Amino acid sequence: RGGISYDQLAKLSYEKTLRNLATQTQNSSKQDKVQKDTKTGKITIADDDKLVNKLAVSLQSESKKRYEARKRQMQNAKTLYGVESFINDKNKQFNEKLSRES
Amino acid sequence: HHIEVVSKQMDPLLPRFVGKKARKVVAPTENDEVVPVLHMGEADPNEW
Amino acid sequence: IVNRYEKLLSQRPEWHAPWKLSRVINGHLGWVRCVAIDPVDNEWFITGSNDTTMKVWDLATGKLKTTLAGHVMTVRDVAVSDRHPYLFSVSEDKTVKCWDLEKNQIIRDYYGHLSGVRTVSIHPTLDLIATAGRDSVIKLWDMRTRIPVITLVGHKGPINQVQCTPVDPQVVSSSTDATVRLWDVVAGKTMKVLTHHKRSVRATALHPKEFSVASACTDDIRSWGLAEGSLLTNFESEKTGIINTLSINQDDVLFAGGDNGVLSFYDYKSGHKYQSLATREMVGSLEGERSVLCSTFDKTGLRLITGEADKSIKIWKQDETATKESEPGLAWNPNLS
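Residues numbered from 1 in each chain as written, not as in the entry; some residues may be left out. Chains lettered and ligands numbered in written order. Part of a larger assembly, values for the part shown. Heavy atoms only, no water.

Further remarks concern the interface of chain C and chain B. Facing seven residues of chain C, the contacting portion of chain B comprises six residues. When chain C packs against chain B, close to 500 Å² is buried across both sides, 61% of that on carbon and sulfur atoms. Across the chain C-chain B interface, the total number found is zero salt bridges. Inspection of the chain C/chain B interface yields one residue pair in polar contact. Tallied by class, residues from the side of chain C that touches chain B come to one nonpolar, four polar and two charged. (Contact = heavy atoms within 4.5 Å. Buried area = accessible area lost by both parts, 1.4 Å probe. Salt bridge = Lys/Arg side-chain N within 4 Å of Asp/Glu carboxyl O. Polar contact = N/O pair within 3.5 Å; in protein donor to acceptor, adjacent residues only side chain to side chain. Nonpolar A, V, L, I, M, F, W, Y, C, P; charged D, E, K, R; others polar.)

Here we take up the pattern of salt bridges. The tally for this structure, following the rule as stated, stands at 18 salt bridges over all chains. If you follow the salt bridges from partner to partner, you end up with A:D89, A:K92 and A:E96 in one network.

The next point concerns the packing of aromatic side chains. Applying the stated criterion across every chain, the model contains nine aromatic pairs over all chains. Relative to C:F265, the ring of C:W19 has its centre 5.7 Å away and its plane inclined at 10°; by these criteria the two rings are stacked. Residue C:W19 is found in strand 1 (residues 19–25), and its partner C:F265 is found in strand 23 (residues 262–267); the two are separated by 246 residues along the sequence. Their ring planes at 35° and their centres at 6.0 Å tell us that C:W19 and C:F297 sit as a pair that is tilted. You can see C:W19 sitting in strand 1 and its partner C:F297 sitting in strand 25 (residues 296–297), a full 278 residues away along the chain. For the pair formed by C:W19 and C:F297, the shared burial category is buried. Here a set of aromatic residues connected by ring pairs shows up, and it is made of C:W19, C:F255, C:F265, C:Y274 and C:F297. The ring of B:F17 has B:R16 sitting right over it, with the charged end atom 5.3 Å from the ring centre. (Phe/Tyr/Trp six-rings, centres within 6.5 Å; stacked < 30°, edge-to-face > 60°. Helix = DSSP H or I, 4+ residues; strand = E, 2+ residues; numbered from the N terminus. Buried < 20%, exposed > 50% of the residue type's maximum accessible area, 1.4 Å probe, protein only. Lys NZ or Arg CZ within 6 Å of the ring centre and 35° of its normal.)

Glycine aside, residues mostly have negative phi, and peptide bonds are mostly found in the trans state. In the segment running from A:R1 into A:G2, the intervening peptide bond is cis, with an omega of 0°. Turning to its location among the elements, A:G2 is positioned in the segment before helix 1 (6–31). In this structure, C:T323 is a non-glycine residue whose phi angle is positive, near 50°. For C:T323, a relative accessible area of 34% puts it in the partly exposed group. One non-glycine residue, C:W332, lies in the positive phi region at around 60°. In this structure, C:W332 sits in the segment after strand 27 (312–318).

Turning to the UniProt feature "repeat: WD" in chain C, a few remarks are in order. The feature "repeat: WD", as annotated in UniProt, sits at residues 27–58, 70–100, 112–142, 154–184, 196–225, 238–267 and 287–317 of chain C in this numbering. Helix makes up 0% of residues 196–225 of chain C and strand 37%, whereas the separation of the span's terminal C-alpha atoms amounts to 13 Å. (UniProt positions renumbered as here; feature names shortened; annotations may be inferred.)

Right under this line is the structure:
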């Protein structure tokens, strides 16, 4: 209906991040190698310090957002359902799982 | 300098293997290479 | 990749004959876990049980010769020796017990498994035992002095099925980490790893001739060349899950027992499935109890012996009419993978 296998989901996420990235590129347009040693086969690839910092910031930011949204579902989740008796939080959470099982 | 190796007879009363003492060890796993693990639901969960 | 698909349409493999049900033998109180056959005279069975016993059945008439007690818990595996008149049985009680066929009394107990030992296989020429089980290690036992000579560190989970071979790799092993290792025992480390299985490999069988092995999984029964360790072939299987056991006739027929009760017969060369059967459960049994726990062929290979979870042993005979009139099975149509 319904669930999605772990592949299709992976693809969808890939596309989503592609769009986000392309938006960084457009907004950046609006505001405006391979060396392998002979001694060892160790490969080295020249890097732009920019876009690496931007990458780290992107990952951290998205992690923050996910953590926060899940946290809001934490908050509402416990405050919404007051019907049945409960001894502790963990009980109420379990019985909401029983609401998911219906 | 070559060498010559010769065993020494232990005093039968004294412990032979003076250093053997039961002790426990955690071994490392030295991983040289990776073995690729190469294999060839949606509505299913509603069943399962 | 189509070139391969043409090369599947040239061969038109290997006709064989169907199988049918000769005989039903009740008489176990519990399930039948394991079956092995006298390697010399073909005159009898040794069948484990879930009742701890072992009941030695006569192959000719099916009568019950003797009872071998002495395990406290269920008997997962039984193996009979060629050059020796010995019978090595092994159970969930953490013990590998020898049996002297002559006088029918336990001779030796081998010690030092951490937990239940689910496979014994008797190395052909060395007077060794190979045992394995939930230990997640393979123990090479010296038959004479009861010394666990070699221990093979190895699979990351329990070890279901173990076999022995005279040349290199002398031990093949199959585990619930979904791998199959080909062992080099003298140095004591893996010679080759075969990962192509996607789930627990619950059964193997050695082809009596070509020096290869047939490995099993839930839905896909593969084959493997030993020595180099290549894949050889595949076997066409829709969901048969689960495959409890395999057996290889000397005619290159590859049996597959199901947990759905279906008996999936194959040709070994091709991968083609020429027959699938369905056993009748039993008088008072449950449709869940219909499955095939173990199986074997005699020395000849013209009969099949399958212990079933319904507390019965069944003997499947190969039809003598057959030929080309109507044998033909599914007739070699293969879908793209």
